[PDB]
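*Asks:*
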Amino acid sequence: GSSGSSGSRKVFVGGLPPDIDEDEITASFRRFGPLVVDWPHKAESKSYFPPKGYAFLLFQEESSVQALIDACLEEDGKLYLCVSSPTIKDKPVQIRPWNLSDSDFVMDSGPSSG
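Position in the sequence shown counted from 1, then plus 348, gives you this note's numbering.
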C-alpha cells in the first residue's frame, strides 16, 4: 500500500547547492513535466539562489510528482534524487512531496533501547 500521487503538486527539496538558480532547479526537475520553483525570503533577497540549500517545486500536473517519486531512491521513508552546479557535483537531495496526513516514517537521533 502506497500514497501514490495523493497530496498536492508542491514538492519540497533539501540539500540544493549554494550556487544554483531558479532555471537550473527547473531544468533539474523538467524531466517530469513543466513546473515553477520558489523559496522563503525570495521577495527580499539580493541573490537568485535558494537560502540554506532548500526550495519548493510546483508542477503543472500531479502525474509529474508521481513521475518524480518513480525516479527517487529511498531510505527510512525519505526519498532522494540528485543535482549539481558550477561548485557542487553528483549531490544527493532529499525529496518531500506535500501531503498533510500522519505516517510512522521518522528516524531522528537514531534508535535507542531506553
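C-beta atoms are modelled at their ideal positions from N, C-alpha and C, and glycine is treated no differently.
Kindly identify the DSSP beta-bridge partner or partners of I443.
*Replies:* In the sequence shown, the residue the question calls residue 443 occupies position 95. Partner(s): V361, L427.
*Asks:* Report the three-state DSSP secondary structure of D450 (helix, strand or coil).
*Replies:* The sequence position of residue 450 within the sequence shown is 102, counting from 1. Coil.
*Asks:* Would a C-beta distance cut-off of 9 Å place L427 and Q442 closer than the cut-off?
*Replies:* Residue 427 sits at position 79 when you count from the first residue of the sequence shown. Residue 442 sits at position 94 when you count from the first residue of the sequence shown. A contact, by the Cβ cut-off of 9 Å.
*Asks:* Answer yes or no: the CB of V385 versus the heavy atoms of the ligand FMN, is any distance below 8 Å?
*Replies:* Questions concerning the ligand FMN fall outside what the structure shown contains, since it holds no ligand whatsoever.
*Asks:* For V431, count the other beta carbons within 10 Å of its own beta carbon; 16 or more makes it buried, fewer makes it exposed. Which is it?
*Replies:* As a first step, residue 431 is located in the sequence shown; it is residue number 83 there, counting from the start. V431 comes out buried.
*Asks:* Spatial neighbours of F380 within its chain, please: CB distance less than 6 Å, with the 5 preceding and 5 following residues excluded, ordered by chain position.
*Replies:* Here the question's residue 380 lines up with position 32 in the sequence shown. Cβ neighbours of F380 within its own chain (closer than 6 Å, five residues either side excluded): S412, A415, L416.
*Asks:* Secondary structure at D371, three-state DSSP: helix, strand or coil?
*Replies:* Locating residue 371 in the sequence shown gives position 23, counting from the first residue. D371 falls in the helix class under three-state DSSP.
*Asks:* Counting along the chain, where does the beta strand (DSSP E) carrying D386 start and finish?
*Replies:* Start at 1 with the first residue of the sequence shown, and residue 386 comes out as number 38. Residue range 383 to 386 is occupied by the beta strand (DSSP E) that includes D386.
*Asks:* Look at the alpha carbon of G363 and the alpha carbon of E409, and state the distance between them as a whole number of angstroms.
*Replies:* Counting from 1 along the sequence shown, the entry for residue 363 is found at position 15. Counting from 1 along the sequence shown, the entry for residue 409 is found at position 61. Computed Cα separation, rounded: 24 Å.
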